[PDB]
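Student: model the following, please.
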Amino acid sequence: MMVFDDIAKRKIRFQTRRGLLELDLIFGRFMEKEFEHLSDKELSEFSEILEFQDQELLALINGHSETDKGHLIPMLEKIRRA
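Tutor: Residues are numbered from 1 along each chain as shown. Take a look at the structure below.
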């Protein structure tokens, strides 16, 4: 229901990081670039995309996995961007 607090902050990260170095690097700037602009509301979506694993995420961008949510369609564009 559109939530976000000091927790979401650590959450965003606590969620990221996995068995993907490159993916671990991306987040570094990706977030600092996105998460920085990503407003509380937006941060809500990030969790939706982040929810996915590192592999899936990467593959996703590559066009491997799929997304059963149109709320990420946009987030992917922006996110995938950074």
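Student: max-length helix in this structure?
Tutor: Secondary structure of the chain per DSSP state H: the longest helix is helix 21-37.
Student: for residue 75, which three-state class applies?
Tutor: Here residue 75 is recorded as helix under DSSP: H, G, I helix; E, B strand; the rest coil.
Student: how about it, nearest residue that isn't a chain neighbour?
Tutor: Sequence neighbours aside, residue 45 is the residue nearest to residue 75 in space, at 4.3 Å (criterion: C-beta to C-beta, 6 or more residues apart in numbering). For every residue, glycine as well, the C-beta is placed using N, CA and C.
Student: ok, back up a step: which parts of the longest helix of the chain are buried?
Tutor: 23, 26, 27, 30, 31, 34, 35 (16 or more other C-beta atoms under 10 Å).
Student: same check on stretch 10-17?
Tutor: By 16+ other C-beta under 10 Å, the buried positions in stretch 10-17 come out as 11, 12, 15, 16.
Student: quick check: closest non-adjacent residue to residue 29.
Tutor: In space, and not counting its chain neighbours, residue 29 is closest to residue 82: 6.7 Å by C-beta to C-beta, 6+ apart.
Student: ok, the one you found to residue 3 distance?
Tutor: 23 Å (C-beta to C-beta, to the nearest Å).
Student: the two: which has the busier surroundings?
Tutor: Shown here are residue 82 and residue 3; by other C-beta atoms under 10 Å, residue 82 has more neighbours (16 against 11).
Student: ok so, going back, now do the longest helix of the chain: distance to the chain's middle.
Tutor: Centre-to-centre, helix 21-37 and its host chain are 9 Å apart (C-alpha atoms, centre = their mean, to the nearest Å).
Student: and after it, which helix or strand comes next?
Tutor: helix 40-50 (DSSP states H and E).
Student: which of the buried residues of helix 21-37 lies closest to residue 74?
Tutor: Minimum separation from residue 74 among these (C-beta to C-beta) is found for residue 34, which lies at 12.3 Å.
Student: pull the contacting residues for the closest one.
Tutor: Going by C-beta atoms under 8 Å, 6 or more residues apart in numbering, residue 34 touches 46, 78, 79, 81, 82.
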